[PDB]
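For the record, the sequence lines run as chains A, B, C and D.
Reading the first sequence from the start, the letters are residues 755 to 932, 948 to 1056 in PDB author numbering.
Reading the second sequence from the start, the letters are residues 2 to 890, 915 to 1341 in PDB author numbering.
Reading the third sequence from the start, the letters are residues 10 to 29, 37 to 153 in PDB author numbering.
Residue numbers for the fourth sequence follow PDB author numbering, beginning at 253 and rising by one.
Virtual Cβ for every residue (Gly too), placed ideally from N, Cα, C.
As structure tokens, the structure follows; a few thoughts come after it.
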Amino acid sequence: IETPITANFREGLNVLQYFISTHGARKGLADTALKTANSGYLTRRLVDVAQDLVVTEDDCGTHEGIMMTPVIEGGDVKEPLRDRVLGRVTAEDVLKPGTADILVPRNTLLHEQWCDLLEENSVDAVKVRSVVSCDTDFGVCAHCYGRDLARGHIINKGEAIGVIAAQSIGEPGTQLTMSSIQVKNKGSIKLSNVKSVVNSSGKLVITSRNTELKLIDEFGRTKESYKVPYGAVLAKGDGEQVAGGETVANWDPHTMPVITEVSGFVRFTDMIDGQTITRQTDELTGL
Amino acid sequence: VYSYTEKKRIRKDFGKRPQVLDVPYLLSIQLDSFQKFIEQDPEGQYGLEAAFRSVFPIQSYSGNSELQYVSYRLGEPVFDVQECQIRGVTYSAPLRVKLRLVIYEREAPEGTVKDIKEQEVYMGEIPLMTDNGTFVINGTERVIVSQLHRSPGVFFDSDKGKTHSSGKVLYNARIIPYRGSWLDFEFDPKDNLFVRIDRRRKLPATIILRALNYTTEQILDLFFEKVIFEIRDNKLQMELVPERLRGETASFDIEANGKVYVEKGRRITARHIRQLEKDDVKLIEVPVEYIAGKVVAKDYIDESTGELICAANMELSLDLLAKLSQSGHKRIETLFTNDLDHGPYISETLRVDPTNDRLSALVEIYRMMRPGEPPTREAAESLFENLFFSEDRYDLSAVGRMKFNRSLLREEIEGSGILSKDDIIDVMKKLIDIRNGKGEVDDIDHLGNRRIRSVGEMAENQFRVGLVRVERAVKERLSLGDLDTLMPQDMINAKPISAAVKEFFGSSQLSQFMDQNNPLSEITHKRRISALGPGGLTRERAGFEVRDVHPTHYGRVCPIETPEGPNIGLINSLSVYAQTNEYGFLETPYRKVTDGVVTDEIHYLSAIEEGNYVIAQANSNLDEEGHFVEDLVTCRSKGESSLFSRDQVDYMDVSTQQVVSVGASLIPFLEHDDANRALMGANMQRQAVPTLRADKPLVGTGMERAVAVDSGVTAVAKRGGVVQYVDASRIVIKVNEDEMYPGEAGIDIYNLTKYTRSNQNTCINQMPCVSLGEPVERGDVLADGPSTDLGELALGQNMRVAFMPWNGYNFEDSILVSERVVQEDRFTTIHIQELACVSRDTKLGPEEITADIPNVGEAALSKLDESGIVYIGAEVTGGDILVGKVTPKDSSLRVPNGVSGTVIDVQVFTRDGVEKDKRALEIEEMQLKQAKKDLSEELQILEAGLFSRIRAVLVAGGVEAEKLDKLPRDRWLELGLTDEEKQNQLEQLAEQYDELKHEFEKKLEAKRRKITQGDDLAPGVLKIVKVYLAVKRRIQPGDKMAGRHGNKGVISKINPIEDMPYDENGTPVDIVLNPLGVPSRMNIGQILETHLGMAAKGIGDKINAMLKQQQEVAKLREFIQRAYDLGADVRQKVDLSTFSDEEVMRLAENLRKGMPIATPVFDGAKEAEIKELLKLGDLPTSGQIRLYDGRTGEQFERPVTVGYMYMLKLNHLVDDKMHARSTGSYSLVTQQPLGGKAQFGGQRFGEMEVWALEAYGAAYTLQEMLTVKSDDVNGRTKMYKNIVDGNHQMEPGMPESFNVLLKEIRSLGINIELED
Amino acid sequence: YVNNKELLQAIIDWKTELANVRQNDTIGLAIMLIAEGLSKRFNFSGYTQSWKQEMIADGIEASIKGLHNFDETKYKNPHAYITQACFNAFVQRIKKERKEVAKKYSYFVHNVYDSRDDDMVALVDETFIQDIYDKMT
Amino acid sequence: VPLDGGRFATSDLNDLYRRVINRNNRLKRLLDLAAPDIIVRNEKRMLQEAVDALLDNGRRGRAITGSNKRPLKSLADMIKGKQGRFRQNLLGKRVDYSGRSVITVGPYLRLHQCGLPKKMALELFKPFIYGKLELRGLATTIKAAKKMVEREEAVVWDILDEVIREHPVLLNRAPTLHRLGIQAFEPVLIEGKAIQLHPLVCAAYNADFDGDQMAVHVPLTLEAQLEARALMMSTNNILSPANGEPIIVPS
DNA sequence: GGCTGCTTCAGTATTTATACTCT
DNA sequence: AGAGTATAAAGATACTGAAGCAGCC
Ligand SMILES: [Mg+2]
Ligand SMILES: [Zn+2]
């Protein structure tokens, strides 16, 4: 509604405002009821599908895993690497950013000590073991799992991880509901999946769709990331530092730039009115 | 001026707005309904007359034999209310209907009646409504909740959104009768048009169209327009008016009159349309290609061959055109078509129509309704005919007709109850026009599309059903003419009518026990609008859209008072001023805002008359002249809210409280509170259990009179007079003179009701609020029910409370309570469990009630008397015999395990014609001793006037005043009186005396008849004995309490008096709340109230001191006067100068414990006046004072807030919850321990508990929690033995419910077994 | 309904055949039609589809068994004949069912030997009332 | 009639069975009447329909209702739904040796103990009490012990607070969302009818004190006691197994 | 003839008014 | 337990999925 409620619970809401607040409140209450309703069914299905995973080994004997890396939504970071691997057995030994200088062995359980150790050394990503790629028939090995998360040590051999997982994912359920690149930080730039050309206005326009910018800090850990579409004019090339406030590239979202990436000529060939094209005098400029 | 029951204790009333409409009688719904259900009325209308005139008169199978209706009447209840309440019968009345059967001359309709025969017949026995809108069904007291359903008529639904996921919307139309069958039209993703009946399989609409005897040419003539082509020199120039060409492209050379208007390829502009229209072109050349896709309306016939040169609804062509022009046919008729203005939706359906003639359509309909039975002409004919045009199987009540003729924008509000062809046609036309875009769908939850039933309407409908069955029967028996012996009685029966009425009242979803533990729970169980039951929604079926507040609820339903839980918004409770319109639509008062004044000529407005004007809001200032002092007024016009001028306004609300219900119009400082918490507050306020002693609310809303008066627990004077004899269980008032008619000298005798088990096992007992020898007037309260006080409402006790943490004993929401509350016993309550035992009669003879029962020691029998019944007053614990009863071989009524108490009353009923006991004779004779008393009193008060006349005649004739006072006053005629007219007068007055004596003997003998008699019982019962135990449970750690502002809590610790925070003046607090509860649960009211509370008590201790030590009355007069003015320009304006210098002392004696303060909801008291009142006392305007500890005596820094808050007590008493179980009763199908507290039931160890106990490595506890402790039969016996023998160990075995599952599957053809 | 005249011919034919064994299916269909029609009377067709089907099957078997004895030389209407047969079988079935229900009640009301205290009144002194109400027979 | 006190049920299977046999019997008798095969066919149709409605009602077009229009429960419907043997009696069953009450605070408690009203504790541990009595010789027959306990003589209380000494109880709340909705304790006797609860643990239970209720269970064998003491005790579960954050945050 | 968009259906969250006569 | 019996036309969930089925290029 246009007009808001310009009073508070120390003055007195007059009638209409009390009415409107009432509407909102009852909506909330009905939501809560049906939300408990749905979440119950959801957690039931969850506990049913797993229902049987029991840690029946100690090491499945594999060297696979996921490259755990801190998540970044493009601007601020969403989670430091310390958490994602806090208490999870790494697959292979990790190297300092002094390459060929390991920092921790290959098959060690990463409690807080190694967490801070990797934290200061500016480590970026680690191939950590996982359960999705575990190598066990009828169960999972302990190491692939990690730490019990209720006791500061590896999970023992026999615990029913499936049920605790189901319950943990389901419980909070009732709490749920129902341009350009204006970089602000200072660091090195990296490009990814690049094909481009320097324009007739001095700048370099990128002309692919797998393109992505990764802004590293001075150290070697990525801090920002951004998407640039087919044909966006970068202000700066790779490797150049950048300050906060200024853009690095901007395109036209309201059209599809389809510049060619060679030198030559063009024609009005295969463009014939009546059957293929139409005569059109521009209704804003005229050309 | 004030009622004399109010000058005892006035209430200081804030609020500045002068009210103009007194709150109406809060129970007008039930009474005003059951009034228009039993009332003889002309012109049919409502009531029974409608049911009769809608079934009667009936005639035989052309036997010239009729059975017609004459009149009706209701005789009388054989019993007054209370006797039905006691015996266990239905307070009811008999229906005598005057009927007549007539048989005309044989083979002569015009002929004379061969014989008339009239009679009056007993049919059915209908219950009656007390003066409190209730029924008494089997002793108990029921009530019929109103219902909220969808009005009868036609609704144009949209069904937007998820239809086909393509995005295109649909439209559909439902026509809903009051009784009959719905009919549904609906479109298609393919933009076709379909019909279905009773939500069945689909069909094309042209089916229904033809089955009304419609030819295809008639169809096309009705729906579409015409475009004609006429032979010319060339090209078939078409007659035309240019209106159909606005914005259309020029499919040819738009040229006429020798000049071009629009070139082909260029669309004809609206300006070009205006040019054409001013030019008035009519004929235009048209190429023969442009007329390729036109469809022809009416078929053409050749002249010479006389053939079908063209049919109806045919796609035109070139050769077809040539053949048509070949047969001389100048005119050619096609349909004008478009795609945004006149969509062609009928033609396609006609093309997909698998039917051409009416008969095949009727066959199609029959098959879609009845499968299995092949077609049959007259069968399907009658089926379709009576399915929608039978006066019997289909009806729109007058409201349906109103809604129908209004939705179609017609004006005549009076029509038939059956349909009509033109009406279905107009439905389809309107649905199409919606499909084009002229008109909009209707919203469902709107309150112009729903209506409320009542008890009258539902009862009347059940009565119609009964009449229908009886009518079928009596018509049958009229095909068996045995004349001159068939009076109109043996033809008629009454058993099905009575069965239907009794089955409705005594059992339904809309017939509930009265929720009776509060003078408010009642008055809220009768203003309940439920949207469930028959013809309504369902819990797991209703949607999120009806459950919300619509902007049309403003003044017709409370938005904040609904039961939270699995059904919100369904059982919303009616508003305060909400009437019911003539047809069942709610309405609301508003005030005519004429040119510049706000007069008081009020009007009621429904949900549709309102949505046109602009209504101001309640709180809008104006200066003693009508004119708004402001110039821009807030208003709400049409589901909106915005500023408006000083002249646009039309109406203005009545009073600021007309938005909330009554169950929440009591909470003060509502506008200073949340919404969730106010909701929980009202829903708790309807649960307060009546305590031992009642006490006024220190700070209230000024709406506590009209809740006690308008409910029934009080006892109110019929007519005024002067009190003459009060007594702890009865009041007798000598009526005034003019309030006394010539007969019935008259003294009202109110027999107050003592301890009587209410519906939730809580005593009620009115107590007198007057004393011997004081005036009363009509309507003044005399006795006070449970939870009333001096005429006002009082649900709980107002205590002194301090807001601060205290060592965590009020951690989350717990409450801390002193011992000046468990000692003063101000939260104790009385409970009344009733038990009954009956003497049935099985084989081997019946059972008896002898005080001699077998194989039991004397110790038990000690409390039993000779008859076999425990004495009144005995104290009984669990497992004791109260009535002896021996079976033909013991069946003695024991005490239910767990409960204690002291017997307070015993009842005994005997089938008249069974050997009586002693106790029955005792209760009978005492009832006689009490019953003679009132008649004796009326007797002796009446005898006075006769002897007064005796003295008046004896004064002339040598009066001797010194002898007429020697011998008894019956000797007032024997003195010396000469033989004059006066001696004849003496004889006449003596005969008058003896006549009155005969009358009173007759009355007392009629009472003796009604008492000493037996009574109709359940045949098979010899005697029925009833015991009334009673307990007094006080308070403990575990009970629940709550304020009025949604702040509930479990009392946790009972505190010694010397540990409580006491202020600098020794006075300890009672209760220690928690402040953390406020800032999140934003209920500021509970704190703000607490300030005012203290202030009020401050004026109490200012009088108590002024009055305890003596003080002249002039000072108290002056001080109370000051306290009563105390404000801004408020409405109260009471002056003690008019009082009589004595009752002032009474007023002070009532105030002396606090001056009660009123606070209208949205006209409350501001902070300035709260502080002004606090200053009139002496307390700090901050409202916070310094306290001390009681355990250490060291001051609390940070001054805390103490005051007086009105605490309740909710009846979730812990002893009703606490429950355990060692080993009890198993079931038979599956030997799992039973469930519940009534039975000795175990606990529910559900799924989730098994998941959780499984997440731990807990593998043995999970085992024993489902094999030994529940089901393994051998295992659990061995477990009991090993537990007694000090050996904690188990032998698991295999469960039993599993083997049940096996034998249950294997009982199907499924071989399920176990391997090795 | 079905014609009254053709049934005469069909039954005469089958009776002549009996004088030589099975009925023509036409008269069987006619009997089924009339039985199912009477099923929709007002005094019946009022309570439940679980009984009504049993009544109809019983009446059909009764009328089939009883058509063995139909006088052909007199009383030329068999409409009323079949109606009466199915009517009688209907009422017998209704009696049997009602008495089986009363058996359930009478077994109930004779069991006050359970676990423990606080037995009801209505729920128990109402089954008795129905347990006696049909016992008026 | 099942006859589990109070209301009497029907055990509706009987009804169905009867009808089947009924029609079956009827069919046989028509094979002794040589009826028009249209009627034998109609009877076979009825028989098929009846057997079907018995095995799994509602699967055929219309379900049959006994009264109240409530479709009667066929055989298969004793296994489907929320109420078949599976979701009602094989997974979650009711249990003996259990109780229920309202809860309160008692902020004087340690972390590994909870309140337990004297009445309830007396009712739950009864067979243990009988065992100790018949061990000490304070009675001879079981009924002697029962009457002794019933008169609540001053000797039963020392026996009680003896057996309680290290006998853990399991407390539970209604919606058992996660693993920390059921925890073990060692109880101390209380003069009331309510359960004391350590104010730090009312986060795992998500239990306010607006009148919530809780259930009490009692392990019996050695293994269950050892497990409740070493696994589910309230002083072993301080780290929410979802994420290792502590769950004993003072609220 | 295979491929494809509607279409229909299946799955989930106490308490019932009336032979007759034998035999 | 059985058996002869003769007017009668007597209804507002909401969402998801998978096979079936008419039709087309
Ligand atoms: Mg709560
Ligand atoms: Zn592994």
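In this structure B:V114 is not in contact with B:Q69, their Cβ atoms being roughly 11 Å apart against a cut-off of 8 Å.
Taking the CA atoms as reference points, B:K13 sits about 11 Å from B:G1179.
D:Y382 has a beta carbon lying within less than 8 Å of a beta carbon in chain B.
Shown in chain order are the members of the segment 42-56 of chain C whose Cβ falls below 9 Å from a Cβ of chain D: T42, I43, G44, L45, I47 and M48.
Not one heavy atom of ligand 1 falls within 7 Å of the beta-carbon of B:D1064. When only Cα atoms are considered, B:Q219 and B:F389 end up about 22 Å apart. Closest by C-alpha distance to B:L321, out of B:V289, B:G16, B:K1007 and B:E304, is B:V289. Proximity to A:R901 across A:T776, A:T823 and A:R842 peaks at A:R842, based on C-alpha coordinates.
Judged by pairs of C-beta atoms under 8 Å, the segment 385-396 of chain D does not touch the segment 475-483 of chain D, as fewer than three such pairs exist.
When the beta-carbon positions are compared, B:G1282 and A:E874 stay at least 8 Å from each other.
Beyond the five residues adjoining it in sequence on each side, B:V727 comes within less than 7 Å, by CB distance, of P769, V771, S772 and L773 in the same chain, given in chain order.
Residues of chain B with a Cβ closer than 7 Å to the Cβ of C:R132 are, in chain order, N922 and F1265. Residues lining ligand 2 by the Cβ criterion, that is a Cβ closer than 5 Å to any of its heavy atoms, are A:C814, A:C888, A:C895 and A:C898 in chain order.
Residues whose Cβ lies closer than 7 Å to any heavy atom of ligand 1, listed in chain order: D:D460, D:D462, D:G463 and D:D464. Taking C-beta atoms as the reference points, B:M1243 and D:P369 count as a pair closer than 8 Å. Inter-segment contact for the segment 625-640 of chain B and the segment 1023-1032 of chain B is absent: fewer than three beta-carbon pairs are separated by less than 8 Å. Residue burial is scored here from C-beta neighbours: B:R267 has fewer than 16 other C-beta atoms within 10 angstroms and is therefore classed as exposed.
By the Cβ rule, the segment 845-858 of chain B does not count as touching the segment 799-811 of chain B, because fewer than three pairs are nearer than 8 Å. Contact between A:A787 and B:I569 holds, since their C-beta atoms are separated by about 7 Å, short of 8 Å. At a cut-off of 8 Å, the C-beta of D:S486 has no neighbouring C-beta in chain C. A straight line joining the alpha-carbon of B:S656 with that of B:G786 spans about 30 Å.
Shown here for B:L967: same chain residues with a beta carbon closer than 6 Å to its own, the five before and five after excluded, namely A746 in chain order. Per DSSP, D:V501 has no beta bridge partner at all.
Between B:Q686 and B:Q517, the gap from beta carbon to beta carbon reaches 8 Å or more. For C:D141, the nearest CB of chain B lies under 8 Å from its own CB, placing it at the interface with that chain.
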